[PDB]
Structures are given as structure tokens and as C-alpha cells.
Amino acid sequence: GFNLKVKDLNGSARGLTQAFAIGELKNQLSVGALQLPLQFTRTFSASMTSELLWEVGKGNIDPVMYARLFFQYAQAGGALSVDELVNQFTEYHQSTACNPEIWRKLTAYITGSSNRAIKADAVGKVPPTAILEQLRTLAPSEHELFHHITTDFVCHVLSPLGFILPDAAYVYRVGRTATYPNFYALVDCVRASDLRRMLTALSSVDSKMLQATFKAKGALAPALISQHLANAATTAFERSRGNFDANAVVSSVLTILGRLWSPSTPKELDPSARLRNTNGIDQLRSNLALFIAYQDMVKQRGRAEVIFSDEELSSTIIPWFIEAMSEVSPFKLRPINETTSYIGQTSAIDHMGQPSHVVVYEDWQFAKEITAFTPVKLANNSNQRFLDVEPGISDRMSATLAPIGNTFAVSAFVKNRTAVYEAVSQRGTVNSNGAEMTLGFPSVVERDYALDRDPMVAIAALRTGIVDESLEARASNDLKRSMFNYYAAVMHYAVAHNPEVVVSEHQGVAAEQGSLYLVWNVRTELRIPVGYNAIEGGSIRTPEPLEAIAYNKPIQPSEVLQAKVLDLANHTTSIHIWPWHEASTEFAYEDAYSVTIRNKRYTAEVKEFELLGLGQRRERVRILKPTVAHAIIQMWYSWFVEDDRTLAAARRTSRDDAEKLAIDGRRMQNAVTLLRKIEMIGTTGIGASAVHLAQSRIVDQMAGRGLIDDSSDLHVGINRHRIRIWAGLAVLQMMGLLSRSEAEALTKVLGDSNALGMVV
Amino acid sequence: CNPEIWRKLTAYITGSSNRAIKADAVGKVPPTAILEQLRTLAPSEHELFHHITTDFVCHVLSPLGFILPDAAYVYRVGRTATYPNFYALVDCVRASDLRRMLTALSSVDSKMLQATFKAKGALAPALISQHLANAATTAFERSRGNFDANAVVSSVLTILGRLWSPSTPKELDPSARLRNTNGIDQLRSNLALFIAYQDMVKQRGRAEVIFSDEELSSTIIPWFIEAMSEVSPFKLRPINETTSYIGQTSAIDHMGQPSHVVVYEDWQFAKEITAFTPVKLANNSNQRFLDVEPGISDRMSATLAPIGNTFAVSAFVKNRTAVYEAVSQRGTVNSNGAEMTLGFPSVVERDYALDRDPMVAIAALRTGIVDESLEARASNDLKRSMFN
């Protein structure tokens, strides 16, 4: 729901300038006339709208799945980086799998003794679960993943089918992932691929015959295999060497695509026609994701250096950079046309006419369900849980959910956003300071609501283009990353609609090298109110993807991009679980409605379960945070408050008496629309149940403390609408939809301009 | 559903955590011993749970070899609140959810567990740990939450509210098909279900339907009836025979109109008062033998007989009517009219049972207002009593 003034970008939003992204913060902006062309066919983007449950087998040790999960773990909530996540695994795996001490202890626990060895046609089957039970005390690992990966390794090598009962069911949730590939995120793909080879090393053609060597002619003596497997797990490990640094893979490969993007390729080295012939590099130089990534890297690094095992090596080794990008990563490769299918664009207009107001949007579908579950622990000290989804609460909320999606729909949003911008006696204009641009991108917003950060601080950073140096490392790192996701999504919609482009170098700050940037070309009408450009010939070259987008015409979105509920129901009811806690929420709500009647104040307090009409209260149940839905509402919220803020500063700065009568106009007008919206939700299964409980409790308080006859005032015009607005906000809050802190700053907005018409 | 736990207790009976032996030597094992383990394995507050799982295992464990069927365990079924508050109804539906839950555990397939391993004889133990785990899960996964118990009662009473009412609005009045559904005749004629409606709509302020009707609740559910028929302590009675313990008697003036009217429950006192000393068999559990030691019980019971004589309800109503008269008759509306007093020990006994002052409930009746400060369980016990 980010609004911006297109004329002055550096002022309006510094964060979305390409000028910012390549590292020029000076008054100077990219020079419109410079050199060399390009066309982007495809890109690397993650999936939207996907919540998937992945079982981890008996065995089977899927070397990609784990490498995929690791990413989801580092992503869906911060745990360091997926690079730092791997070298943690190596230390665990060395301290454990390579150490015969830990093997002696756990082989003794299974059967039959630590010292004595018996061929034992007697020994019966064993559960995989008890070994983890052993391992939690044996290898007090933070990330409970590791205990499975080692496990089903042993469960792979243990199957003559007697001793191993290959029965357990364990599942992990693959959720929404950040869409676009930050530089270190690429590094994170390569490091995720280091893992791919590692695990497909563990389960091997020789790991299957370790079983078959001891399958003949029957049972054999146990005490030994504690020392052999201990090194056998090292043999697959010592054989897989880190070799080439994943940081270095990406550092060098990017360096070269930038050398062949640039119009300046100096004397010494321009790419070999051999490496130019390498498969896929046709689709790589035409990949935009890689381009924004280059900008990212050279901005932070300030140089690009090469391993020089090329001209040969990276032509033969690696393409596997592609493999890292192709299989392991959530970033799987797409045609650039079909990546933006969820993005529309629409303008307001004047008579002639130029657009007064241009709105870029993502079509999103709300709902379907809101899941409510109660976790159950099977064994102590662990995150192992069955999640019983307890419905009828889930349903009850889902019912109240349906109308919200209706009244808050993005379709509904763009309507109420466009038809408002008109000013007195038309006609325009560049007056009022030109043509505003607003862009909702819930896909980006969802990341902040998932990582439990206030999205508004990121939005803040966009306008200013600076972050507070004070806040802790992990905090800014979450911010910067999210701040990238905006910029990225912009240049994808920006590029997808005008592929003909120019790459050009920069003077440089040091000057060391410089960053390569983009300029567009677009056909349009003659005379421009819009942000500075020549325009010279009805076509215009522009550096900033905003201006390039402003010159487009209305677009229909191809797909609805329906957000989906996770199925706890069919699976988890029988199965164990992932890192669920941070991604969900304790289910509790309290609120109170107060009012003054006849110079006396009454107050009712309400609890969450009273609102769903049940008793008494169940504290154990939790709700899965609906991170997406909040982001859509954010789009509305972010419009209401930020306009009100600037319009206040607009009315002060407006000297003209005719201009101010318009300003305070726009303020009251859309404020009632907001009121209309909330009041509507305030009438729902919950909302009236809320209003009823409230009023019910006030009167019983009015009977005791005095005469009841005063209750007539609760039914008065104003008090009747009052309780309704509150209930509306109160119902949104007791669902994942409204922060109490944002609703406070919402109500004040409803009160900063009087914003109550009695209106018969 | 947890196989680690099943392994642990199967190992605990005999003979080892790892090695599995058919073991025709192994003799029987006591159920009390399985519970001793369970107190450490699944530390629940309500010890009920440990028995219900227990005799599931003693049901699937009876080729009769391993289980020695020797124990004696007893529970006290005492006085219950008499009438079904709205939320008590929800509690009935929720209990029949448990009826189907358990009747799932003891099954035609839990019984073939006897018949599957009856062939051809004793078999290796390491197996049955994983078998039972899946056996109890199939019983669990088969009983699904299905219908929300609140939503059941909400909607079934709501439609009963629709055909009781003189206002049956334009939009929806019951289908004659569901109107014909068996038992709905005794449902619209059920008094408890009516005061329950009043209860519900007082708190809720509206009545909504699952809207699976017009069809569903004609076909599903009657099972509301099933929940109410079997499980519940509230079992269905003719309304003529429900008030059988209630008498009524009036004082009078000369003409005369009643001066004083007393409604009462005939109750008989005594006979005995038991005194016991609890003896613990095992620590950490509520398991006790209770040796009732008489000569105290007999001594008090001896003193109890005369209290019964002097306090019998009969003597109460006798001494109550004869007081109210005033000089030279005649009435009246003076003295503030004709008083009515009604004792209901059945109701008061609940408060003395729940360790509450009957007088605080009584006070709430006269005023009709409760203190909002006091804690949840406290008021909830009050309102529940205030309903009774």
C-alpha cells in the first residue's frame, strides 16, 4: 500500500531508485544517453501461495529435500543464514557420525550389549523414534532436523528387515518463501548444493551393499560395526570436500556476466567464445534476477574478482552453478513474461489526458480457511508434536473471514483508490505536485509479518533511503533483505513490460569499476507532466523503472494468485512436526469497550472465547498466523494512515484558500469509507456477538449501580455506531488481521479529522 | 499413538527392552503394575485416564497368559445437579463423542487381535509394540471430531425455537419432512430443552443454524437423541413423575386467602454417618483403601437419629404455617402481603458439596446482581447453582 510521488523520486522514495540500488546517493542521477542493449527472456523466482507438507521417509534420505528444507528453515524464520546452517551440520556430523564413542553408546542401546557380541537370530525389531530419544541426550543439537538425517542413514544401512521396523511418520512445512534472489541468497543456493552431493553420498551404491555384505549367509557379530560405520560415514564425508567456496563460485561467475553486460570491456579480458558457447549462458545473460543480484553484490563488495581456473573450468565446472540454481533452490527458473502474471497496472486520468493517479497491484485472493490447532507433546524436551487441529473455532473464524476478503479485496481496493483523486473543477494537474503513484505488493509485506517485524519500518526506509545504524544486527539484516524484495519485484514488472533496454557503466565513486544500470524506451503522448525526461520524439529513455512503468497503459492480471490454507487436517492428525511455534500464535484475546452515559462511565471487558460463544476457555489451542491476509489489509491500512499524515502537512503548507478546501475534503471523504468498512465487519458472527456481550454487560452494570432507564442512550444514534466501529476493530484483532498498535494509530486517524457525519 | 511408550511397557512386562522371546515360560502380570508404570510415563492429574488405556491393553492381551485378571477398583457415583443447563447439553453431546471413541477401542478388530495371534501360539514380543500402536491409531483416526458439539446444540435448539414461536418469520419455518422426523415430537415437548433454550438465547442473544438443513439434521442428527438417551445422567422422564417429591401447603385467614405458602421437598434424614481412615497403597497416586472405622460412625449415627426427629421437614412445615397469624385476623396486604417460602435441599446440597456458602447464592436471587470481581470458577459455580 506504498504511495509515492512520481515527479521527484529521490525525495518521494529514495529506496526504489535504481540510483540508490547501485550505490549512487549523490544529487547526480543516471545519464539518459549511454550505450549497450539486451533482452531478458526468463528469470529466477520463487513460488507464491504454497503451503506444503513433506514427509521424511523410512530411509530414504532424499539429498535434495533436506537441502530444500534447510533453505525453508533459514528463510521462513531467521536462523543465521543457510550458509552458517551447513557448517553447523558438518561439526555435528563430525562430532557424531565420525566418532566411534557416540556409535558405541547408541549401538549398545539398540541391542544387545556394549561389550558382548551375539549373532543373535533372537534380536527383534526396533523403533526409529527411540534412537532420536537417545540422540537428544547424546547429541544435544539445536536443530532437531539433524537427528533424522543421521537416523535414516542408519535405518538405510540396517535393513535385512529384521531389526528395523521401518515405521514412523514425520513431516515438515514448506511455506511462502521470499520471491527474489539476493546475492548472498545465491551463495546460499550453492552452499545448499554442497549439501546435495553430501547426502546423496551417504546413501550410496556401497551403502546398499554394506547390508548385502552382511546379509550372507545370515546374522553376524555386532560389537564391531560401531568402529566401521563410524569411519564409513567419514569415508563418504572425507570424500566430499568443500573444494570450491560457494561464496567464491558466485563472486566470480557474476563478475563475468557483468563484464559482458557492460559496454566497457577494457583491453585485457573480454569473455572467451568457448565459455560463451557453454550451455544455458544464453538463458543466464538473459536472466534478470542475476542482473539485480550483480547490482547487489558490487554495491556491497565494491569490486569483482575472479578465480581464473577459467577460461576452462567454469565452462566445464561449473555449470553446476546452474544445478544449484535448478533443483535445490526454491528459486526455480521461469519465463519472464509469465513471472508477472499477477501484476496489474491502472491509471486515473484528466480530460486530454494525462494520468493523475497510477496504481500498480498484485491480484490476490483471500481466505479460504483459517486453521486452529492444539499442539500435543509425545516425548519431553523435544519439538516433536502432533497438532490436533480443533475446528469449529477454525470454521467460526473462517466464516467471519469470508466477508473481510470481500470488503477488503485488492479489486475493491483499486476502485476506491482511483475514483478519489479528482480535485475541484478537474483539470489535472502538475499542480498539487503532479501525478501520485501507489503500489501494493502483499507478497513483500507478508515477509515482514512472518518474521514478526513492523512492515512500516521498511516502508519508512523506502522514502528516506537510510536505516538506523543503532538497531541490532539481525534486525537490520531482516530489514535490508525485505527492502530488497520490494526493489526486485518492481524491476520485474518494470522489465517484463518494456524488455528493450540499455546497459551502461557509471563514472564510479572511487573510481573503481562501477555498477551497470538499466534504461528503457517507451512510446507515448507528446507533452509530459511526469517525472523529468526529454521527452524528444514521443519515445523516452529513462533510468528509473518507476518512470518506465508510469508510461504504460492499463493491464489485466492473468491469474488470481489464490492464497491457500495448509492441511493440518488429513496429515498432521496422524504425524509429527516441524518448527511450528514461531509461525503460529497462542490463541488469546482481551479487549474492553468503555462509554460515558449521563456523566457516568461504564466498561465491559471481553475475552476471546466469549466472542466465539463457548465455555469456558481453552488456553492450549493455537492459531496459525495468516501472514498473507494481513498483508492485503496492510495495503488498505497503509493508504489510510500515510495519506492522512501527509494531508495534514499538506493543509498547513497550503496557503491557497481554494486548495485547502480540497485537502480537508479528501481527508473526511475516505475516512468515512474506512468507517463504512469496519462497521461492516463489526456486523458478523463475531461482531454482533461482540456488540451483544458488550451491551449485555453494561446494562447489568447499569441495573446494579443505578437505574436501567439510561440504557436508552446506548441505542442513540452515536453510541449505536460507536460500539460497532470498536467491535469491527475488535474482531480484526482477535484474528491475525490487526495489530493492536496499528489499530490504535488507525483509530486516531479516524479521530484526527472529525470524520463523523451523523447523516440522518 | 506414540510407539516409544508402547515399546517401554511391553519391555517392562517381560523380558527385555531389546531381545524378543516367544517365552512360553513367562507367567502372568498384574494390571496394577502397568498402572504403576503409567503414573511415571504419562503423568496425568486425572488418574481415570490410566485405567481406560489399561483395560484396553488387558482386552487385547487376553489369550489369558500374560494378564492375570486380578484387581478390584471402585468409583463413587454421587448426587448430581438435577437439571440440564445449556452448556451441560453441549457436555452431553461431547460425552457421546467419548462413547464412540471408546467403543472404537474395544472393537471387532481389537478382538481379532486375540484371534490373529491365537495362531498358532505365542509369538515374538518385539512385534506387538508396533502393532498395538497402529491398532490404537486406527481406532483414533476413525473417530473424527466431525460435528462441533456446540454447533449441534446451538442449531438443534434454534429450530426448536423456530416452531415454538408465534413469530415464525417469512424466510424459514421448518420443513414438514424434518417436522416428521422421529422423536422431534418429544423434543418440542421436552421442558428441559425449553429452559435450556431460554438459557442459551439469554447469553448468546441470537440463534444461528449450521444450515446443513433442511436435509442434514432430519437425517443427521437424530444422534443428538442418542447422546441424550444413553450417556447422560439426565435420563428422560415423564414430567408428571419428576415433581413427585414436592409438596405445597398454605396458611390461611378466615375467609380465606392464603397468608403464607410453603413449597417443600419431602426428604428423609439419616440413617448413618460414615467415618473412615484412608490408607495409601502406593505413593504419588490417589489410590487408597478406605477403612471405615466404626464406633465413631456408630456413635455419631446414634446422635444423628434424634437430629432427624427434631429437624424433619414435616416438623418444619408444621411450625412454619402456625406462626404468621396476627391479632383479630384478617389478613392482609398489610405486613407487605402474603409471603412465600420454598426450601429445596436438593439445590442447597450442591453448594455445600462444592464448598460454597448457600447464602451467597440466596442473596443473588433476591437482588439479581453478582459481584464482577470474584474469580471465574467462583461465579460460574454460583450461576450454575442460581440456575438450579
# chains A, B, ... in the order shown; residues from 1 in each chain; ligands from 1
$ interface_residues --of "chain A" --to "chain B" --cutoff "6 Å" --atoms "only C-alpha atoms" --output "number ranges by chain"
A: 111, 123-125, 392
$ select_by_dssp --residues "segment 588-711 of chain A" --states "strand (DSSP E)" --output "JSON, numbers by chain"
{"A": [590, 591, 592, 593, 594, 595, 596, 601, 602, 603, 604, 605, 606, 607, 622, 623, 624]}
$ residues_around --residues "segment 190-195 of chain A" --least-positions-apart "2" --cutoff "7 Å" --atoms "only C-alpha atoms" --output "MDAnalysis selection string"
chainID A and resid 67 83 186:188 197:199 246 321 324 328
$ select_by_dssp --residues "segment 246-430 of chain A" --states "helix (DSSP H, G or I)" --output "PyMOL selection string"
chain A and resi 246-259+273-277+281-285+288-301+313-316+320-328+336-339+393-408+410-418
$ atom_distance --atom1 "atom CA of residue 484 of chain A" --atom2 "atom CA of residue 78 of chain A"
16.0 Å
$ residues_around --residues "residue 660 of chain A" --least-positions-apart "4" --cutoff "12 Å" --atoms "only C-alpha atoms" --output "list in words"
residues 423, 424, 432, 647, 648, 649, 650, 651, 652, 653, 654, 655, 656, 664, 665, 666 and 667 of chain A
$ residues_around --residues "segment 586-600 of chain A" --least-positions-apart "2" --cutoff "7 Å" --atoms "only C-alpha atoms" --output "mmCIF file with N, CA, C and O atoms, in the first residue's frame"
data_model
loop_
_atom_site.group_PDB
_atom_site.id
_atom_site.type_symbol
_atom_site.label_atom_id
_atom_site.label_comp_id
_atom_site.auth_asym_id
_atom_site.auth_seq_id
_atom_site.Cartn_x
_atom_site.Cartn_y
_atom_site.Cartn_z
ATOM 1 N N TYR A 602 -19.305 3.543 32.128
ATOM 2 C CA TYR A 602 -19.416 2.085 32.234
ATOM 3 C C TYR A 602 -18.435 1.394 31.280
ATOM 4 O O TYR A 602 -18.140 1.907 30.196
ATOM 5 N N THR A 603 -17.931 0.231 31.688
ATOM 6 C CA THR A 603 -16.987 -0.537 30.871
ATOM 7 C C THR A 603 -17.231 -2.049 30.891
ATOM 8 O O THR A 603 -17.409 -2.638 31.959
ATOM 9 N N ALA A 604 -17.224 -2.681 29.720
ATOM 10 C CA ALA A 604 -17.317 -4.137 29.655
ATOM 11 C C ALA A 604 -16.008 -4.733 29.175
ATOM 12 O O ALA A 604 -15.409 -4.232 28.226
ATOM 13 N N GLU A 605 -15.540 -5.777 29.849
ATOM 14 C CA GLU A 605 -14.362 -6.487 29.353
ATOM 15 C C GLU A 605 -14.814 -7.765 28.645
ATOM 16 O O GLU A 605 -15.834 -8.374 28.995
ATOM 17 N N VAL A 606 -14.066 -8.142 27.619
ATOM 18 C CA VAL A 606 -14.423 -9.302 26.830
ATOM 19 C C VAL A 606 -13.214 -10.210 26.617
ATOM 20 O O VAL A 606 -12.069 -9.755 26.623
ATOM 21 N N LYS A 607 -13.477 -11.501 26.476
ATOM 22 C CA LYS A 607 -12.423 -12.481 26.298
ATOM 23 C C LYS A 607 -12.682 -13.203 24.989
ATOM 24 O O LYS A 607 -13.798 -13.153 24.476
ATOM 25 N N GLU A 608 -11.659 -13.849 24.434
ATOM 26 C CA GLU A 608 -11.757 -14.392 23.076
ATOM 27 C C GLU A 608 -12.852 -15.445 22.913
ATOM 28 O O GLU A 608 -13.607 -15.410 21.946
ATOM 29 N N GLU A 619 -6.936 -22.591 26.720
ATOM 30 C CA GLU A 619 -5.696 -21.845 26.549
ATOM 31 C C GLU A 619 -4.697 -22.610 25.699
ATOM 32 O O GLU A 619 -3.807 -22.014 25.090
ATOM 33 N N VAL A 621 -4.999 -24.283 22.875
ATOM 34 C CA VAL A 621 -5.102 -24.177 21.423
ATOM 35 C C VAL A 621 -4.366 -22.961 20.862
ATOM 36 O O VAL A 621 -4.168 -21.956 21.547
ATOM 37 N N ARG A 622 -3.933 -23.083 19.613
ATOM 38 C CA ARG A 622 -3.205 -22.014 18.947
ATOM 39 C C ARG A 622 -3.808 -21.758 17.572
ATOM 40 O O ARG A 622 -4.618 -22.541 17.080
ATOM 41 N N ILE A 623 -3.409 -20.656 16.956
ATOM 42 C CA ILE A 623 -3.873 -20.322 15.621
ATOM 43 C C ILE A 623 -2.661 -20.203 14.704
ATOM 44 O O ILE A 623 -1.614 -19.702 15.116
ATOM 45 N N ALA A 694 -21.076 -6.963 24.931
ATOM 46 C CA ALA A 694 -20.708 -5.664 25.459
ATOM 47 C C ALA A 694 -21.918 -4.999 26.110
ATOM 48 O O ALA A 694 -21.952 -4.803 27.334
ATOM 49 N N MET A 734 -8.659 -9.999 17.022
ATOM 50 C CA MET A 734 -8.698 -11.300 17.664
ATOM 51 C C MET A 734 -8.493 -12.348 16.596
ATOM 52 O O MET A 734 -8.530 -13.552 16.867
#
$ atom_distance --atom1 "atom CA of residue 447 of chain A" --atom2 "atom CA of residue 404 of chain A"
21.2 Å
$ closest_residue --among "A:171, A:21, A:29, A:359" --to "residue 2 of chain A" --atoms "only C-alpha atoms"
A:359
